[PDB]
Structures are given as C-alpha cells and as structure tokens.
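Chains B and A are the protein sequences, given in the same order. The first sequence runs 9 to 51, 55 to 474, 480 to 551 under the entry's author numbering. The second sequence runs 12 to 472, 480 to 552 under the entry's author numbering. Where a beta carbon is used, it is the ideal one built from N, C-alpha and C, also for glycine.
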Amino acid sequence: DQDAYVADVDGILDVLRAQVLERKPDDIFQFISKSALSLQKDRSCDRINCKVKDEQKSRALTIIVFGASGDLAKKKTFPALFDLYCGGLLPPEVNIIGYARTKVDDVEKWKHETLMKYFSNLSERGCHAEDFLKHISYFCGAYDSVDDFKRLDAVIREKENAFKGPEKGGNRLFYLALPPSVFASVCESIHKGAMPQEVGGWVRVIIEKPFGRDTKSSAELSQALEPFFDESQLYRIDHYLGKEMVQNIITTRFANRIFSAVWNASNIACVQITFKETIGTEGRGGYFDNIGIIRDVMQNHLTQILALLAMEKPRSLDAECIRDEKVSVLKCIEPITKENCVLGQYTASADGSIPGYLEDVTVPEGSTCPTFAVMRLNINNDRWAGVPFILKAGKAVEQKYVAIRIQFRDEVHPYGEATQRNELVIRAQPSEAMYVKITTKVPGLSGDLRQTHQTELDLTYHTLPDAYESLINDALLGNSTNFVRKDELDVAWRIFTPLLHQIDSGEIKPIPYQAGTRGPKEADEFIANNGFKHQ
Amino acid sequence: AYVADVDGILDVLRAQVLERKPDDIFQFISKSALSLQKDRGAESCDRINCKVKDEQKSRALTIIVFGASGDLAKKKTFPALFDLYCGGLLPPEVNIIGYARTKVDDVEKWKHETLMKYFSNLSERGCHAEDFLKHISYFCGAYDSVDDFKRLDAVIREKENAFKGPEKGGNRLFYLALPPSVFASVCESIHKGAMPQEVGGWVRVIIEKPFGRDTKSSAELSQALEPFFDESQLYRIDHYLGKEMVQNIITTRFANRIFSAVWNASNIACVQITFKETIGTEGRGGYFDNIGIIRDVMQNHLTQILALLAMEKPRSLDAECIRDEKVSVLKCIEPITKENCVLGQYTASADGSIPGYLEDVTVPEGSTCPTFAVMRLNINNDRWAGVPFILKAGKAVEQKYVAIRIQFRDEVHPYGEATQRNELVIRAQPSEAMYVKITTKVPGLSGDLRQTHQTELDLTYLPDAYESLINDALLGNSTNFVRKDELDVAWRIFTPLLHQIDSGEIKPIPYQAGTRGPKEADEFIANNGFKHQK
Ligand SMILES: NC(=O)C1=CN([C@@H]2O[C@H](COP(=O)(O)OP(=O)(O)OC[C@H]3O[C@@H](n4cnc5c(N)ncnc54)[C@H](OP(=O)(O)O)[C@@H]3O)[C@@H](O)[C@H]2O)C=CC1
Ligand SMILES: O=P(O)(O)OC[C@H]1O[C@@H](O)[C@H](O)[C@@H](O)[C@@H]1O
C-alpha cells in the first residue's frame, strides 16, 4: 500500500484551506502558491514537553464545550484550547468533546474546516494541529435531555476508566458557550447525569458574560444555578480579568511602596477608564439595540478595572480575599444618577464609509439605546473621598483605545506654571504599555532652571495567549482569582441599575455624534468639569 | 588600511548593554545605534549660533584668567571659553586676557601651540578657531604687584574704552586658576588697582578648590578675601553643580508630587551617593597624599549632592532661596565619627597593569592617606530622622561611574518574598540616566500570581557643564556656586573625622586595584540599611 504518507499530504491541504477562507476575496489562485512557498523554510520539530504539573497528570480530565456549533466556541473557545496544547499545559491524554444540538454529517470534515479555520496562524505551527484534533470528539444531543446526558456520561466514563495514571475517576470541566437562557437547563442535566464518578474527581462549569440586564434579572439567574453548583464550581469569566496588563494592576499597586504611598486622595486628582472603539455595530444593530454600551463594556469590564484599581490590600494572595476586597470597594459607590451621565448615538460619518447606527435596517426605528456613554462614579471611603472616577465607553469613535489615566495633583510650589500634573497611564490595547509622565529640566543650559518640559518614565516592555485561554488555565488549576463572584456581580449591577431604568424609561436621550470623532462634544465638556486637566 | 575604521564603532555598543537595560537586548541595540549618529552630526562651520541675550552685549566685558600658562587654564578653562564662543554666548566684542608670571616670546606663536593644542577635539569642525584667538591677549607681571594691576587696569581701560555701545564702563570677571594661597594677594591687587571703572560695570571673581583643608583654615581664607569682595561677587565653582543630572535633582523632586510624596523617612529606607573611578593616581601621588579622598571629592562634590537631595523645598527658585535651604539641612547633620568610616588604599593590580599607590615614586612610604572612604551621615530632622546616608568615593576601583541610589522601604505583606525594595537610581557618568525599579507580574503563566520580576522605568526624552558654570557667572546666576556659610558648615561635618585620620586614629585598608574595594567596606554598607539583591 501507500501507508503513512497519506497523513502528511492531507496535513498540507487543510492548513492552506483555513487560510484561504480567512484570506477570502478575491481569487485564490496566488494565495495557495506563496503561502506553501513560505512554509518550505518555515518547516518545531520537537514535541512540546508538558509544562503541566505532575499532580494534574495523576488522573483523567474531560473538557466539554456546549454550543460547539455556536459562534463563540468556533471563534474563541476551541481555538483557545488548541493554543494550550501547543504550550503543553494540557495533559497528554486529555479528551475534548463538542456538544451541540445541530446535526453533523461527518465529524472529520467538521473539525478540519469548521473549527481549525479559526485557529491562530499556523504557517510556523500547523503540523501540530493534526495531532491536536485526535483529542476532539463530537456529541449531538439536547441541552434539556437527562437521557442524552446519561448517554454522554457513558462516553466520558469509558475514557475516564481508560486513563493510564495512578488515580482513577475523572475531573470534568464544562464550558457553556451558550445563550444565558440555556444555562439553567444544562446545569440541571449535568447534576442529574453528568456528575463526576463517585470514586473521585471534581466538576467545574464555565459560563459566559451575559448575566441578565439589571440587579434583579442577574440575581434570579444565579439563584437558578444555585441548586446544581456552588460558587467554587462556577467560573463566571470576564473578558478582561485574564488580560496581562490588568492582572498587573494588583502587582503594580501593592508590590511597590512608591505607588502605594501615593494611591490615595491626598495625591490623586482624577481617574478615567476609557473603552474607545472605531468599529460600528457592523450591521448587527438589533443584537446591540437590546444591550447598549453601558451594559456591554461598562457595568462588567470597566467596573472590574475600577475594582482592581480602588480595592484595599488583600490579606493574602488567596483568590477569595482578593475578590473580597473587590466587593468591599464597590459597595462604597452610590448608584449612578442621570445628572452624572452623558449618552451618545453615532450617526452617519462624514467619510460616508460607516453607516449611521439608525441607518442599519436591523435597528428599530426611534431607538434611544446609547452607543456612547461617559459617566462619573463616586467612592465614599477614607481612601477615595472626593476623587472623580470617570468611566467612558463608545463605539464608532476616533480610535481603538482602552487605558487607565490616573492624574496626580501637581504641587505648583515652587515651580508654578513651569510644572504640571503628573499622570500614570496603563494601556492594554492596541499594545501593552505603562508609563509615568513628569516634568524635568531641559538639558540645555537655559537659565533659572525654569526651562522644563514634560517627560515620561516608560516601562521598557520588560518580558502570548489571549485572556480567554489564560482564564481557562486558571479554571484548570482551580485558582478562580480572576473570575467574577456572585456577590461581586450583585453590587456591580446595583451601581448601574437605577441609571439603567432611567434610560429605559426615556428620562434622558442620546446625543448624536457622527462616527470617527471623539464623540459628542458635551462629553468632553463633562470630562473637563470632573477634574481632568490636560496640557 | 581602508577597512580599519569600521571595527571601532561596534565595540562602544557593547559597553551600553551590560551597563543598563539588560533585557530584550535585540531591540535595545537598534535604538542606541541611531543616537550615535547625532553624537556628532559633523555640522558645517557656517553660521554661528548667537543665542546670547542682546542686553548682555550692552556693555564691554573683560575676562581675566590668572595662571593662563597653568595646567588647569591650559586644558579646561580656555577650551571651555572657546566652546562658549562656538555657542555664541560671548558678546561679539568680548576681551579675554591671560595672566602668568613667566615671560613669553612671540605670544601669537605661544597660543597657537600651547593653548590651541588643548582646544576641544571639535577643532577639525571648528572653523573659527583663529578668530577666537584674536580676543585673547597675554600679560606678564606679579600677582602681588599693585603697580602691575594699575597697568593691567590701563590695558583693560583701553579695551573698555573701545567698546561701541550706549552703556559706559566695562564689566570684569577674574578667574583665579591659581593655588589658594595666592588668592589673598590677587584680590588685594584687584581692589587697590583693578576695580571696575567708575562710570559703570561690575566685578566677579571665580576661585578654585581647595577652599582650605579644615574648618578654621577655610575660615581664614574666606576672611582674607572678605575686605575686598562680598558674597555676591565671589563665585566658588564646584565641577559637579553645573552637570545636568544634578541640576535636575531640584526639578525631579519638587516639580513632581509623586517624588514629593515619597521623599521622606516614611518611604526612604537608605540613600547612597557613590563616586567610583577606574583611574589610579597614575604617577601623581605626591599632590594627593596631603589631601586624601575625603576632602578631594567627598566634602565638596558628594556633600553638594547630598544637600540637594535632602534639602527642604525652597520658597522660590531664586538663587538665594536654594542655597538657604542647602545650609539649613547641613546644619542638622552631626559630624562623621571614626566608627562611621572605613578607609582604603589601593595596591598593585593582580595583572600588574596599574602600579600600586605606594609603588609610585612620589608617595612617601608609610603614608596614611586614604584613596578610599565609605561613610554614614545622620541627618536629624522630621524628614530624615533615622535614614542612613551613605557616601562613598574611591580611586582605582572596578568601574567608572557616579550615581545616586535611593532604596525605598519594601512592602512585605502584599507579596512576601515575591517582591523586594523599590529603587530610584540617578547616574551622571559615564552616561546620564535615571530610572526607578519596581516589581511587576511576569507575563506568561495565568496562575500562581506570586510570579514576578524586577523592572525599571527608564526616563526617555553639547555645552559641557564646565562651560555652563562660566556662563552662569557671566549672567549673575549664582544658583550653582557654593556660598560661604554653605562651605564652612560642610567643613565642620568632616573636620573632626579629618583630624582623626591625620592623627592616625584610623588608617586605610589595603585593596587590590580593579576590585570594589576593601571587603570590610561592603559589610559596612550592608550594616547601614543597604540591602539590594537579585
Ligand atoms: N461570539 C462573539 O463574537 C462574542 C461573544 N460575546 C458574548 O458571549 C456569549 C456567547 O454566546 P454565542 O454562543 O456566541 O451566541 P449564539 O447565538 O451564536 O449560540 C447559540 C448556540 O446555542 C444553540 N441554541 C440555543 N437555543 C437553541 C434552540 N432552540 N434550538 C437549537 N439550538 C439552540 C444554538 O444551536 P445548537 O444547539 O444546535 O448548537 C447555538 O449553537 C454571547 O452572549 C455574547 O454576548 C461577547 C463578545 C464577542
Ligand atoms: O476586547 P477585545 O477587542 O476583544 O480585545 C481583547 C484582546 O486585545 C489584545 O490587545 C490583547 O493582546 C488580548 O489579550 C485581548 O484578549
């Protein structure tokens, strides 16, 4: 026959084909030619050794991703899982199963084209993807069928008992890449049929960002999940808590005495946390019309950043005392009122390239949901009294940008106008950076030592995986330091719910602004009145 | 032979990598390379940059450099004046004349080979070198002859009378590039014969160190010059006060609340001011033997840096406000004791390349003179109580650099052994640099959270400092000149220790050249609040 050689030839054609779809229009005639030509010298080769702890290899692990046909598992969950295999963090005998109600004609065509198509670029690393796909299986069934979960458990129990390790049984990790409405039925089916083998093994369930839309809707949803799983088993991922630069916030603050001495109201004059984004709704205005920018990236993302910035020192580095301070600081904030808020809704841009938010057909006529929102929070405690906290977010803005911008009070004496406010910036995207801006005397001889200029002490990028998989590694370790807790969720909703009821009741209206600008100019007038000085 | 030039440029890149920023070396070599191109742009000697104030040109100006044939005026003073002319800072009609006892033949030949030979190595680029020499002149005479000053006054009066401006009279700046013992006679000759013309002008007198060798001998010297000139007219230069990084110490502290909030004993755990030099005495041992390193670079240079670091905030940037705070902070310092000192004296290197300090022919055998000295100072005020202040200076050591190294108190509880002390480093030589060291999470592993690594926040942004001090004296900005009350109080801090080392109560510890110093000195640094480690 022609043994073994077939696997190498098939391992080429699937690699280009995923790039052909991502390359998209136009004609693919040249795309096949030079990409394989680039691989000739790209062709590692040593199998990556397991960096995983010896304790994790003691007994079997199973990873079940519900909604494998869903948009999140395709573009994010599974591609993140492949990234962990390249790092060796997965045990060698790991078993992955994709669960979805959709019928699948043939799994082998499906994994080669529906899942690997979103994989991270594989010109230097594509050969390892073929070995990775052997671990993946697929399981068709309903999310509410206790019978199918009794059928799925029989499949997991075989590989759990086939494991080659001193310990027996199996740990299980479920990833609910599902709409929130489906979450309750799945955990019921897991509790009635998918619980770990009695001989041993733990269970943990990851759930996705949407937790209702107000303080009451989120509270009952967690109440629905209480009977089936406790807080230690639930892992409410936030997209940003796994980010490198924001995990540094707990270290940049407390590990350094210089920052801790000035992290108080006596020195800090203003704090702002912006989430700027140049994209519009991208034709999915109805998917965003029911949300709004406040609950999309402000109640969840910027609030988690504000919690890490304003939290009191944890008693230890244990995950819960860190999260305990994250909740205690959020309880000092009185709920936002409409006087402290400014909304915006992007219109057709002067370029003519971006249709206005109302120009999209999916958006209901007369919509007042905000595409832009700047607001001030007020922390009532001895550390942060009187200090503005300006949260800002918006789509279709002048530039893609998310960063912190603390601004310390300047001491006008002696220098007066020769000096200005110090500020510490912590940027996460487009690129990670941190720097402190200060005034220093100019090198030229000048005179009176008054010829000064602003100067920054840039961190010099002292030294990969996206936060979606970095949190996946934390759930595999059981750390849970970077996952939202339910008490942390209820207080974050309480800050915004009274304001969210007012915008839903029409008491305030968005301010129009055409796309590609900074936003409504009233928002800049609002930021100027809340402690933001600038050069 | 055509290929030889290329090899040298790459070697200077090697030194910067080990010196600082020893992380992600790939990108570091790139940015350091482009900066070297601007180190000399080979700018054409076309226009002259006349940035000097027009009001400085309003009246005739004259500069008198006594000892013009002397070693200091030959290699530094006159070359510095040429750089100020290349910078355009001198008035177009400026007159400078040299004073020395020796008679000279063919004076135009003398400056062309004895003085221009030591001009800055920009002379290949300095097209107007001989044009600058036309302002120079020579004068032979005694330093104590009031008659020679009365004829020197007639020469200056002629050049002052040739000035072409509405203002009358002439301004006069005397540079005493002379041993200090001559200073009492020169100022007496200036007073009785060389004072500025009555119609207008001003007089200013630059004097060089040593400013005595003890508190009383310094007070005798200042009182000897007291009748002839006031403090506003006297300018006691210190070589370091003109350097950019130390002038920035006042700006780094009080212009920024961040440093201002932590510049106190609540946050500062230790302070170190180090002066290291690979160079040995190198055959000139006799002149250093009666001085010693304590009064060579510590009582003057390092003490001036310590005053700028610990001084209370001036009420204003006026020059007198800064010196006033410099004296009050020094008054809180109790004089150094013999227990707070460890002396050293370098010997022949293990390779034998640099001869030992006693191998030099000039040094008397058995000398107790120190080539090395580490000391602790104790400031006693609400801001600096209990914080060690470690001064250090030494010749023929492992490395040539001078830097400040603050160490902030470690925050133990949040991370335990995962973190360490913060540091703020301010180096001036070999190259200017400032950076603050901090602990940050190391990117990579999602868990642990105790995994951290030290990192620096480097600052990111030619008239040499000797020229800047002369320009400060011409402009009347006395901010960078030690005052009389500032000087004698600095002597009182050191003299009781200086009387002990002269009396032999402590003697230098031998140490081989090219090492950090005596091993006893390092444990003394560890025993007085220093604790930086990997
Ligand atoms: N995806 C993205 O780009 C982003 C995601 N998010 C948020 O993360 C969350 C991820 O949700 P996501 O998976 O992307 O949304 P999807 O709507 O794409 O997923 C729906 C999945 O659940 C199944 N499902 C639900 N109800 C039914 C039903 N009656 N009948 C059959 N199938 C049903 C679907 O079919 P089947 O069961 O057959 O598989 C499908 O697989 C979202 O809430 C989103 O707000 C945030 C930022 C970006
Ligand atoms: O919120 P966004 O637009 O998805 O950006 C998230 C990503 O932004 C990138 O800059 C980071 O490298 C990733 O760690 C991060 O996941």
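| Query | Result |
| --- | --- |
| Determine, using beta carbons only, whether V166(B) and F185(B) come nearer to each other than 8 Å. | no |
| If you scan the stretch 234-316 of chain B from start to end, which runs of the alpha helix (DSSP H) of 4 or more residues do you find wholly inside it? | 255-258, 260-265, 268-273, 296-300 and 304-308 |
| Confirm the yes/no value for this check: CB of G78(B), any heavy atom of ligand 1, distance under 7 Å. | yes |
| If you pair each beta-carbon of the stretch 45-52 of chain A with each one of the stretch 157-166 of chain A, do three or more pairs fall below 8 Å? | no |
| Please determine, among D540(B), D34(B), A188(B) and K42(B), the residue with the shortest C-alpha to C-alpha distance to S80(B). | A188(B) |
| Flag this pair as yes or no: are the beta carbons of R420(B) and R432(B) separated by less than 8 Å? | yes |
| Would you mind stating whether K170(B) and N106(B) have Cβ atoms separated by less than 8 Å? | yes |
| Are at least three pairs of beta-carbons, each pair with one atom in the stretch 442-452 of chain B and one in the stretch 461-473 of chain B, less than 8 Å apart? | yes |
| Below 8 Å, how does it come out for the stretch 315-329 of chain B and the stretch 346-353 of chain B: are there three or more Cβ pairs, yes or no? | no |
| Going by DSSP, what residue range makes up the beta strand (DSSP E) through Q418(B)? | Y412 to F419 |
| According to the Cβ coordinates, are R247(B) and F77(B) closer than 8 Å? | no |
| Count Cβ pairs between the stretch 145-152 of chain B and the stretch 97-116 of chain B that sit closer than 8 Å; are there 3 or more? | yes |
| Per DSSP, what are the beta-bridge partners of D469(A) in this structure? | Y446(A) |
| Under 8 Å between the Cβ atoms of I40(B) and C97(B)? | no |
| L328(A) CB to nearest chain B CB: under 8 Å? | yes |
| Work out the CA separation of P33(A) and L21(A) for me, nearest whole Å. | 17 Å |
| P528(B) to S277(B), Cα distance in whole Å? | 38 Å |
| Could you check the C-alpha separation between residue 8(B) and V282(A) for me, to the nearest Å? | Because chain B is modelled from 9 through 551, residue 8(B) falls outside the range shown and cannot be assessed. |
| When you compare only the Cα positions, how much space is there between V507(B) and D371(B)? | 35 Å |
| What are the residues in the stretch 451-462 of chain B lying within 7 Å of chain A by C-beta distance? | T451, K452, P454, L456, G458, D459, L460 and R461 |
| What does the Cβ neighbour count give for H312(A), buried or exposed, with the cut at 16 atoms within 10 Å? | buried |
| Helix, strand or coil: how does DSSP classify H202(B) here? | helix |
| Beta-carbon within less than 6 Å of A483(B)'s beta-carbon, same chain only, minus the 5 sequence neighbours each way: which residues are those? | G253 and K254 |
| Kindly list the residues whose CB is nearer than 8 Å to the CB of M309(A), restricted to its own chain and excluding five residues on each side of it in sequence; keep chain order. | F286, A384, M386, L402, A404 and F512 |
| Figure out for me which residue from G458(A), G547(A), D300(A) and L92(A) has the closest Cα to the Cα of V398(A). | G547(A) |
| Beta carbon of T262(A), beta carbon of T451(B): below 8 Å? | yes |
| Are the C-beta atoms of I449(A) and some chain B residue less than 8 Å apart? | yes |
| Inspect the beta-carbon positions of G212(B) and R70(B) and report whether they are closer than 8 Å. | yes |
| Is the distance from the Cβ of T382(A) to the Cβ of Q356(A) below 8 Å? | yes |
| Just to make sure I have the definition right: I need the residues of chain A whose C-beta is within less than 9 Å of the C-beta of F222(B). Which are they? | The premise fails here: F222(B) is roughly 22 Å from chain A at the closest Cβ pair, so nothing lies under 9 Å. |
| Quick one: is the Cβ of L189(B) within less than 7 Å of any heavy atom of ligand 1? | yes |
| Could you confirm whether any beta carbon from chain A is found closer than 8 Å to the beta carbon of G253(B)? | yes |
| To the nearest angstrom, how far is it from the Cα of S233(A) to the Cα of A12(A)? | 59 Å |
| Check whether chain A comes within 8 Å of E66(B), counting only Cβ atoms and requiring the distance to be less than that. | no |
| Quick check: the Cα distance between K411(B) and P191(B), rounded to an integer number of angstroms? | 29 Å |
| Is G81(B) near ligand 3, with its Cβ less than 7 Å from a heavy atom? | Questions concerning ligand 3 fall outside what the structure shown contains, since the ligands it does hold are ligand 1 and ligand 2. |
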